[PDB]
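Naming convention: chains lettered A, B, ... in sequence-line order (proteins, then strands); numbering from 1 in each chain. First listed ligand is number 1; within each ligand, the first listed atom is number 1. These values consider heavy atoms only, across backbone and side chains, with no hydrogens, waters or symmetry-generated copies.
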Amino acid sequence: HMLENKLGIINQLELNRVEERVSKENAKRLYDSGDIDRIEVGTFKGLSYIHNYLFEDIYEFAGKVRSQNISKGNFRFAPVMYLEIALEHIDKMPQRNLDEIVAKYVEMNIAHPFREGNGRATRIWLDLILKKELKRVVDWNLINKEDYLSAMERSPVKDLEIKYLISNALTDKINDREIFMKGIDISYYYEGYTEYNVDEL
Amino acid sequence: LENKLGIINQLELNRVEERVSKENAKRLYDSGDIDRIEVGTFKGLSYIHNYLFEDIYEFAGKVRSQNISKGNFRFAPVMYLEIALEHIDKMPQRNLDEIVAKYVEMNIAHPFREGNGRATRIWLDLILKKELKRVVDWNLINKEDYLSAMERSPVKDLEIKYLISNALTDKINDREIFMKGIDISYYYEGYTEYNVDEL
Ligand SMILES: Nc1ncnc2c1ncn2[C@@H]1O[C@H](COP(=O)(O)O)[C@@H](O)[C@H]1O
Ligand SMILES: Nc1ncnc2c1ncn2[C@@H]1O[C@H](COP(=O)(O)O)[C@@H](O)[C@H]1O
Ligand SMILES: [Ca+2]
Ligand SMILES: [Ca+2]
Ligand SMILES: [Ca+2]
Ligand SMILES: [Ca+2]
Ligand SMILES: [Ca+2]
Ligand SMILES: [Ca+2]
Ligand SMILES: [Cl-]
Ligand SMILES: [Cl-]
């Protein structure tokens, strides 16, 4: 049993691998065409664009505010009954420093506005806030998978674990294709996608 | 995590760990060694774990010496592991309710540093096969439904029991069912590069 998709795939392994190829392919194009730099920074509109850009081919819900309730582990993400107003309040949150950018990122993860693909899209969106505001981007290879997922699970209660991780992984190489491309490979790895290397179209 | 091959990169250790242990999982089955071992004991679980990770981890098939936590859940304390595993061995396994309860306790014990999910799911299928003449068609269980049901299982095993019951197959000697199951088991832990049968 799995997520409804456009391509009518009924095998979990099959969907995981094809989603990874169509979406990482899109992620490569997003960076290379410079479409990435024309996107609105720190807003839901910007996140929505990143999400639709990646999952347009495989998912009907790509870039849309979900109409269903979702959860991971023992945590329920922002209920549909107030998800939209909660998103309007995230758009207004300041992003003037790391403590603020991390707090805003933690709230956007709680909102979790999409049916699936929240993690990957919100990590691209965060890197552009850090790029704009601190002239820093994350080197996702410096953060261990287990450490990241554990910090995010804790983040609705105390964001110090994820703050320390982002802080110690920040790099000044803001226009480096390798830092981005590797970060995409590490981002997908966090979500359990390990078949492709983004380098290849 | 420290490995035998001295791998420092996380992505590198992930695909090497997958290659090596999945090739071992294929050989475990194809040699028929899988059916030569003890069903429902820590001895059998320990054999399965050693068989999978003996090339990569020094701790393969060995009981952990450090305490572990997943979220706000603490697994069996290292000091009580020996006692807990002896009690699990004594747990009945006559029907699905008993088999699932045994599996749930074994997951709470989590006797190894790493690879509990993968080694215990193989162990579970062998208890199901011996006692019910059923095995799990793991594709019929969503990754996140499975993971959420496992995290819930110490409080209520209704969720995981429901997933296991609705995925039971009588294809006990089906190699394709076993192989697809290993690939899904590894995918549950985030390893999606290889197909076990292509090794
Ligand atoms: N239990 C949790 N509580 C809060 N955030 C979580 C939890 N588990 C995972 N996450 C976040 O959710 C992302 C996955 O996005 P998705 O697959 O759409 O749910 C991860 O990359 C984390 O940022
Ligand atoms: N919070 C949790 N509570 C109980 N069992 C869990 C939890 N998270 C994961 N698991 C189980 O742990 C396995 C992963 O094993 P390992 O990576 O060795 O710790 C999964 O396949 C689940 O069966
Ligand atoms: Ca996901
Ligand atoms: Ca490959
Ligand atoms: Ca070997
Ligand atoms: Ca060897
Ligand atoms: Ca693991
Ligand atoms: Ca492959
Ligand atoms: Cl995701
Ligand atoms: Cl595992």
Pair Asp35(A)-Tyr53(A), side-chain hydrogen bond (donor to acceptor under 3.5 Å, both in side chains): steps then yes or no: CA-CA 10 Å; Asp35(A) 281 346; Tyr53(A) 209 105; 2.7 Å; yes

Heavy-atom donor-acceptor pair, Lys182(A) side chain to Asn141(A) backbone, under 3.5 Å: no

Shell of protein N/O/S atoms around the Ca ion (ligand 3), taken as anything under 3.0 Å: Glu116(A) OE1, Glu116(A) OE2

Listed once per pair and sorted, the salt bridge (charged side-chain N to carboxylate O under 4.0 Å, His left out) pairs that draw on residues 128-141 of chain B, sequence neighbours left out: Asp35(B)-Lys129(B)

Name of the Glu193(B) atom (N/O/S only) found closest to the Ca ion (ligand 4): OE1

Run the side-chain donor-acceptor check on residues 108-129 of chain A: report pairs under 3.5 Å with partners two or more places apart or on a different chain.
from      : atom 1 : to        : atom 2 : distance (Å)
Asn109(A) : OD1    : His112(A) : ND1    : 3.1
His112(A) : ND1    : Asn109(A) : O      : 2.6
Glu116(A) : OE2    : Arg120(A) : NH2    : 3.1
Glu116(A) : OE2    : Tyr193(A) : OH     : 3.3
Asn118(A) : OD1    : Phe114(A) : N      : 2.9
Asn118(A) : ND2    : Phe114(A) : O      : 2.7
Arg120(A) : NH1    : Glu19(A)  : OE2    : 2.7
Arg120(A) : NH2    : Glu19(A)  : OE2    : 2.8
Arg120(A) : NH2    : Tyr193(A) : OH     : 3.3
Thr122(A) : OG1    : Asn118(A) : O      : 2.7
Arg123(A) : NE     : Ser187(A) : OG     : 3.4
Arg123(A) : NH1    : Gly119(A) : O      : 3.3
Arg123(A) : NH1    : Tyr148(A) : OH     : 2.8
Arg123(A) : NH1    : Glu191(A) : OE2    : 3.2
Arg123(A) : NH2    : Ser187(A) : O      : 3.1
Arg123(A) : NH2    : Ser187(A) : OG     : 3.2
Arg123(A) : NH2    : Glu191(A) : OE2    : 2.7
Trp125(A) : NE1    : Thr43(A)  : O      : 2.9
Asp127(A) : OD1    : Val138(A) : N      : 2.8
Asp127(A) : OD2    : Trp140(A) : NE1    : 3.0

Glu54(B) and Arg27(B) ion-paired at < 4.0 Å: yes

Could you pull out every donor-acceptor pair under 3.5 Å between side chains of residues 72-90 of chain B and any protein atom, sequence neighbours left out?
from     : atom 1 : to       : atom 2 : distance (Å)
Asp89(B) : OD1    : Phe42(B) : N      : 2.8

